[PDB]
Amino acid sequence: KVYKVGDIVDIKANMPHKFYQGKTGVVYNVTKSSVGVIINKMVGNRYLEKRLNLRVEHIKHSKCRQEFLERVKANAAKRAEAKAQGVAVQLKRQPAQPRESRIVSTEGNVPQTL
Amino acid sequence: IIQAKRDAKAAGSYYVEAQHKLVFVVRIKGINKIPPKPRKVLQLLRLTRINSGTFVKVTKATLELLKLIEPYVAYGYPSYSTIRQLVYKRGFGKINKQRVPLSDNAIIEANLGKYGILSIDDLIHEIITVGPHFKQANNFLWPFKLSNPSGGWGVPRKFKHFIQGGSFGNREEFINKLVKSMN
Amino acid sequence: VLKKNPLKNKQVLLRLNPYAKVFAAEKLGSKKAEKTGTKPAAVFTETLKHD
Amino acid sequence: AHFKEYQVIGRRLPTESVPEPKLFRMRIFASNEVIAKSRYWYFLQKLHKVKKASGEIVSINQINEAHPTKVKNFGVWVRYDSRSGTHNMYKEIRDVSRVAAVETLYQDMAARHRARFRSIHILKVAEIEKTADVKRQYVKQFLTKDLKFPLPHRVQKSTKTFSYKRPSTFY
Amino acid sequence: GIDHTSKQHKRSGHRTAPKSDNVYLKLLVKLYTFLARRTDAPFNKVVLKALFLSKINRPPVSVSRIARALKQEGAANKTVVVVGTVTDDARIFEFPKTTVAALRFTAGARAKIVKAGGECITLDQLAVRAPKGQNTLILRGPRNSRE
Amino acid sequence: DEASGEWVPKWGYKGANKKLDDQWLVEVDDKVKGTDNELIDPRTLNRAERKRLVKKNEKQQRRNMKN
RNA sequence: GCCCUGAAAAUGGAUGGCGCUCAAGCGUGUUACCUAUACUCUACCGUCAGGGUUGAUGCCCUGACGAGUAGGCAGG
RNA sequence: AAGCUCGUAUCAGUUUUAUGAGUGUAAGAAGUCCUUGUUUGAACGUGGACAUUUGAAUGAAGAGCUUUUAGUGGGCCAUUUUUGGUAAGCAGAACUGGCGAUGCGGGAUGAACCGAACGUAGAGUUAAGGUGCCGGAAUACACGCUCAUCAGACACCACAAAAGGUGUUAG
RNA sequence: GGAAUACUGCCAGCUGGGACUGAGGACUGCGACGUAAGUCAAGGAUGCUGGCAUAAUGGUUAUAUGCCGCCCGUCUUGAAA
Ligand SMILES: [Mg+2]
Ligand SMILES: [Mg+2]
Ligand SMILES: [Mg+2]
Ligand SMILES: [Mg+2]
Ligand SMILES: [Mg+2]
Ligand SMILES: [Mg+2]
Ligand SMILES: [Mg+2]
Ligand SMILES: [Mg+2]
Ligand SMILES: [Mg+2]
């Protein structure tokens, strides 16, 4: 567990500055005992950059781009597969759709009044 | 659908219909004293003035927007007759950023023929059955500028939920009566 | 120069919709359904009548 | 409004390895099906741990009165909310339909107990088959054999501002 | 009322007309307005836009700069177009033969071009010769070089 | 201590003068930018400043003893 | 639940007034009705925008908009 | 306000998805693959290529960059969180609204209440509030309750001890 | 067991009364009815008829009636206070 400069980390305490809990920032400075984190805080109508110095154990690596990287890999694989075997492939994410019609049978599942 | 419900009842079952894929939404409150997040959602749904209506495709991404703007709109599930009357009477197209009345099939064919839409009935079909080009057709349609309801709102106070004797929220199938009064 | 409502003006209605002539000729707004004699299930009736 | 009675049957959404969930049925008095479905989800969340986002409405059907032109005595067991808790109440209503009795009950609660539709829960509406089980005096006084009563002091509505005769209250 | 998403009555601007009262410049503007409307030529559009510029935005173009432009491959026979003043340069000793169209020529630039063997023409003669800007090369003087 | 509901020593063993040393999060001051002390821990900087103050006090005491 | 008491000064006065008692009071329900510079349709003025055009900073077509102190720009 | 470029460019007081905390971050040319070159692994690349099924929804005609400058800046009220309280009031932080610069309908009357923001007009429909008379609009319909030797038509705070009463009604 | 009716919804069903509006100004378009010639309610009102031809309509002015309307400017959040 070594944090390099530029990594995206989540601030997770194991008392002051309780506002910086659950916030995610970008590492700008690493020492032997402490890690520097850059936080963009909404000040007025414009984001302002603030420098924070944390103990190492109070932050952790952020998994906020894992889905994006895996989706890019899967998209390249699917496009190559459809190039190998010609068929239209839908590569965009979709929202949850309304469900279709269904038949509910009361075979043993006779409705109970409450 | 009628036969499926009759046959499911005859076989001791219950036929659950498919959920509605389309809603019609009408702005019910004015532009004074709106919280900023509902204001932004109303702008994103093109409900910029009172008694403006739009069609919205029902997904998880749009149901939350409707839930956000619940106190300021009345929405529901439009029927074919409601959609046909709305498009025939108050149907206007957005051509070169201009509000152009749909008085001939030539306008619709010239602006939507690349999607396979040749007539006002093709446009109505794409609205009622949410087709592959619903986004393009619905955005081509200018937001409907409805009047106040001809027989009134039916309630003494509008700004309660439709469940609680007010007007706002999801009134489902009764949006047809409300919109045909307002059209 | 002036918008005319197809729901009122028959000429504008026929201009926009060539099938309105067939609709009116066949009286498709008052189409009769075939009469079927399907009967509901006793379990459905008992569930409906149950307290 | 003028109430209707519905049955609403719902269930949890089917999942893998838990197929065909149990169906739950309620009898709901409401002015329309939107209100009926809302009340069903309210009561289902209050009793079971089932949410509207987690379940679905299998069926909703209007129940008609079996004999709407027969006079009946109804015992209505209701439960209303208070800060100390929920309190029972038993009323007896003479009418020709369950929906008519329920509407009379809601009006009586609004008049007397200052209660509202959202706070009143209808626990049971049950017809009294035998008159010997009726135990409210305001209902029992109308079960007398050969019941006759007059209507003294009849007030006749006038369509005109001025009348040319002194009115009579005879009946 | 309406909750406006954008400002109301916003002027696009885009420099519709020149600020000058020169009648001949206005005649040239009228001619190239007709050309840019009726020819669908990007050259005519560019020339019409350039005719609307101010003096500090129309810096002079030197004959040495014109010669360097003609030094390109395939451009030795092209017509150089400068919407502005063509000035003289004594730092260049060898000038090629070419046709230059410009609003104004200094006496030195005109003498140098004519001595090299070409001709100095006006923008309306250019419009007659090449109505769509065929075989043309538009030169613009340096902006940031002045301070 | 206001943030808690406890009485703490203000110096010495578990004193309140050394709470910044163990604080979980410290904001880096803007004035440290443009200096070579930007990358240094503010806790270590405050420890160095405190030790310098202690040594200054010791030097003043030795000066008083010399005089 | 409703009603009475549950503290009051000081010119003569206030559910806005008159007055109202199976209300014109209180709770609830169902309708009909009244009317804002709001909404819908139409005309007209101006502004802005998009097109067309061999008195052309003119003419023609089309669409949308119009609160305002300090202040700015423009035409008179 | 001036110039340069771009304009399926740039995006967004919004949702969704993934991942965190109990509202933060991420969602593609500031990409990706093959070929093993720099100091068996991390991190830097030589040469080739895949497009308008180029990587969620909805909206969007203007966006980015260089210059250029008039008027102004410690205010009141309210909501929502958080810390500490008082006889009672409250006092300190953070976000968001309303008002000054703003008329119109209603609340009899009015800085912060309800509705709604304003070109000149006609017709229609309404919002909030109302329909005994003043006063435009049902002395409408319906189910109950109440009688006050100054009832009530109200702010839902206080007086208020959920106190007193042989008032009345329902449990 | 066979019906009806209520309620809700649909009709590119028919038909009566009332009000406001008539922008535009050769033709061009999209349609409809007709075998056809042509006709039409289809890219904005025409046809017929009467009275008067002047203070009659209208304008101005003096007032009356219904409702609305606080005295301007300046300075302070705010000003009837
Ligand atoms: Mg009406
Ligand atoms: Mg109302
Ligand atoms: Mg009154
Ligand atoms: Mg009442
Ligand atoms: Mg306006
Ligand atoms: Mg009246
Ligand atoms: Mg007192
Ligand atoms: Mg007169
Ligand atoms: Mg007055």
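What's counted below: heavy atoms across the whole structure, side chains too, no hydrogens, waters or symmetry copies. Within every chain, numbering begins at 1; the chains are lettered A, B, ... in the order of the sequence lines, protein sequences first and strands thereafter.
For the pair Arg11(D) and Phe24(D), the cation-pi criterion (under 6.0 Å, within 45° of the ring axis) is not fulfilled. Figure legend: cation-pi geometry between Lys41(A) and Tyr47(A) absent, as NZ or CZ is not positioned both under 6.0 Å from the six-membered ring centre and within 45° of its axis. Remark: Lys124(D) is not positioned above the aromatic ring of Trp77(D), lacking an NZ or CZ atom under 6.0 angstrom from the ring centre and at most 45 degrees off the axis.
A donor-acceptor contact shorter than 3.5 Å links the side chain of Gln19(B) to the backbone of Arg99(A). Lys33(F) contributes no side-chain N or O that, together with a main-chain N or O of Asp30(F), makes up a donor-acceptor pair within less than 3.5 Å. Put simply, the side chain of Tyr3(A) never gets that close to the backbone of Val27(A): no donor and acceptor are under 3.5 Å apart. The closest donor-acceptor contact from the side chain of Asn53(A) to the backbone of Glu27(F) lies at 3.5 Å or more, if one exists at all. The main-chain N or O of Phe168(B) is never found under 3.5 Å from a side-chain atom of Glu70(B) such that the two would form a donor-acceptor pair. Of the possible donor and acceptor atoms, none in the side chain of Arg114(D) sits under 3.5 Å from a partner among the backbone N and O of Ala110(D). Between the side chain of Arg27(B) and the backbone N or O of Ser52(B) there is no donor-acceptor pair closer than 3.5 Å. Of the possible polar contacts, one joining the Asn46(F) side chain to the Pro42(F) backbone as a donor-acceptor pair under 3.5 Å is found. Side chain of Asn138(B) to main chain of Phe55(B): a donor-acceptor pair is present (N/O by atom type, distance under 3.5 Å, no hydrogens or angles).
For the residue pair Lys10(F) / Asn17(F), no side-chain donor-acceptor distance below 3.5 Å is found, with atom types taken as modelled. Side chains of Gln21(A) and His58(A): a donor-acceptor N/O pair is absent below 3.5 angstrom, by distance only. Between the side chains of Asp1(F) and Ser4(F), no donor-acceptor pair of N or O atoms lies under 3.5 Å. Using a 3.5 Å distance cut-off with no hydrogens or angles, the side chains of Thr44(F) and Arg47(F) do pair a donor with an acceptor.
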Full working for side chain to side chain contact (heavy atoms under 4.5 Å, CB included) between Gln94(A) and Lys92(A)
CA-CA 6 Å; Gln94(A) 299 296 332; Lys92(A) 296 184 188 299; 4.0 Å; yes
Can you list the steps and then say if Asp108(D) with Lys91(D) is a salt bridge (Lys or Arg N to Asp or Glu O under 4.0 Å)?
CA-CA 10 Å; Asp108(D) 185 87; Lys91(D) 307 279 290 184; 3.5 Å; yes
Using side chain to side chain contact (heavy atoms under 4.5 Å, CB included), reason through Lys50(A) and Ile38(A) one step at a time and then give a plain yes or no.
CA-CA 6 Å; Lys50(A) 297 193 62 59; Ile38(A) 287 187; over 6 Å; no
Audit row: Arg27(D), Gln7(D), side chain to side chain donor-acceptor pair (under 3.5 Å) steps and yes/no:
CA-CA 5 Å; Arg27(D) 298 177 66 107; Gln7(D) 68 148 11; over 6 Å; no
Worked check of ring-ring contact (aromatic ring centres under 6.0 Å, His included) between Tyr106(D) and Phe3(D):
CA-CA 10 Å; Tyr106(D) 272 108; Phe3(D) 288 91; 5.0 Å; yes
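Contacts of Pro142(E) classified as side-chain contact (heavy atoms from CB on, under 4.5 Å), with partners at least two apart in sequence or in another chain: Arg65(E), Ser145(E). The side-chain hydrogen bond (donor to acceptor under 3.5 Å, both in side chains) check on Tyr80(D) picks up nothing, with sequence neighbours excluded. Not counting sequence neighbours, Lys23(A) has no partner by the salt bridge (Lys or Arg N to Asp or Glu O under 4.0 Å) test.
Ring to ring, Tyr6(D) and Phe29(D) are not that close: their centroids are 6.0 angstrom or more apart.
For the pair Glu70(A) and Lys73(A), the salt-bridge criterion is not met [side-chain N within less than 4.0 Å of a carboxylate O]. Of the charged side-chain nitrogens involved, at least one lies within less than 4.0 Å of a carboxylate oxygen, so that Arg50(F) and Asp21(F) count as a salt-bridged pair. Using a cut-off of 4.0 Å between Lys/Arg side-chain N and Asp/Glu carboxylate O, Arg51(A) and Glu49(A) are scored as salt-bridged. A salt bridge links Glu49(F) to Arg52(F): one of the charged nitrogens lies within less than 4.0 Å of a carboxylate oxygen. Using a cutoff of 4.0 Å between basic side-chain nitrogens and carboxylate oxygens, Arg102(A) and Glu17(B) are not scored as salt-bridged. A salt bridge links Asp41(F) to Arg43(F): at least one charged side-chain nitrogen sits closer than 4.0 Å to a carboxylate oxygen.
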